[PDB]
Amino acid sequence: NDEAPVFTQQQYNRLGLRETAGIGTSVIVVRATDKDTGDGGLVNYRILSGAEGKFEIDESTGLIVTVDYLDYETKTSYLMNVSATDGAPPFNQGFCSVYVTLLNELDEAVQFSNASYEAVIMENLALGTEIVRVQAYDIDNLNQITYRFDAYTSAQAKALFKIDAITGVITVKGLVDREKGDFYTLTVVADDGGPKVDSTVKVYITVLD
């Protein structure tokens, strides 16, 4: 027991670890010195709490790495308790903690302001009349949404309506004639500039005599 291990820092800090970091990514290196000779000065590294199944420490190297995927939107930061135990009886311990905070990156989809949208209009509505407004909210809270009609929205309905790529306001583009169509189901995509499979909503437009 001549002395116990002392880490080089009380709290280690890794700030802005990318949440989309891959498995095995280097997080931070800890180090506890023990100036006893032989096995009394040889320390074994271990996490006691706080990693929540996302981090693993090398017992010998003291390197911490990730061990599955991270998520800013599920947990923004981690505080792990680490021990260093010397290699001979009586296995004296030393202690630190490790603070990891995550960098929010654009890896999530988008929510809309309702389940769907509806508009009831009359024939021969003037051009550029506002019909309804689609609005959506980047889950990631990084980007603004851009709005467009999806690929499968019909030529006929692309001729009659236009959505604003910024405001998401749908306006009258051409002349709505009842006999040509009294009801339209539009599909609006909200793009966040991100990866995800496209977030869409329905707009149901009804035309009256």
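Start at 1 and count along the sequence shown; that's the residue number.
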Review point. Hey, which bit's got the bigger mean C-alpha B factor in the entry, 52-60 or 172-180?
Key: 172-180
Exercise for review: Pick between 43-51 and 151-159: the one whose mean CA B-factor in the entry is higher.
Suggested key: 151-159
Exercise for review: Would you mind checking which of 126, 102, 98, 84 has the top Cα temperature factor in the PDB entry?
Suggested key: 126
Practice item. Check where residue 132 lands among this chain's C-alpha B-factors and tell me if it's the lowest, middle or highest third. Key: middle
Point to revise | Entry-reported Cα temperature factor of residue 197, expressed as the chain third it lands in | key: highest
Study note, to complete from the structure: So, residue 143's CA B-factor, relative to its chain, sits in which third? The highest
**Study point:** Chain-wide C-alpha B factor ranking for residue 33, given as lowest, middle or highest third
**Key:** middle
Check your understanding: residue 89: which third of its chain by C-alpha temperature factor?
Key -> highest
